[PDB]
2 protein chains.
Amino acid sequence: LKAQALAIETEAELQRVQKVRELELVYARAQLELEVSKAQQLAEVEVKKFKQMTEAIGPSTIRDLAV
Amino acid sequence: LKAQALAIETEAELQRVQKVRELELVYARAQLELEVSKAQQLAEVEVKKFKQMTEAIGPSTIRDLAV
């Protein structure tokens with residue numbers, strides 16, 4: 001009889017753990033694409049701002065700011 | 001019976017956690033585009049202000065301010 005109750009509460013527990021973790025995995029990957037969305041989109045403003053003012057000086061004079 | 005009540009309060013809890021986090025994800029990505037909106041738009045005033053006064057000196061004389 002002690003094994004019957006161990007099966008009942010094991011069935012109950014795994015129904016919950018499964019139903020929880022599967023739903024938490026949806027939230028986990030939504031945070032990811034939002035994280036990736038940020039890192040790549042702030043990397044655009046970094047590159048483009050570097051590219052604009054790298055040509056203003058010119059890639060012929062920038063070699064003469066640390067000699 | 002203890003497993004019935006564990007299913008009832010697990011169903012209740014996950015209905016809330018799901019409904020909360022899904023709505024918080026909307027606010028989370030609205031803060032992002034506003035963050036990206038700032039970083040790129042203040043990077044314009046930085047580049048353009050650098051570009052205007054980089055030509056005033058001229059990219060032929062700026063090499064002679066640290067020799």
# chains A, B, ... in the order shown; residues from 1 in each chain; ligands from 1
>>> interface_residues(of="chain B", to="chain A", cutoff="9 Å", atoms="only C-alpha atoms", output="MDAnalysis selection string")
chainID B and resid 2:4 6:7 10:11 14 18 21:22 25 28:29 32:33 36 39:41 43:44 46:48 50:51 54:55 58:60 62:63 66:67
>>> select_by_dssp(residues="chain B", states="alpha helix (DSSP H)", output="VMD selection string")
chain B and resid 2 to 57
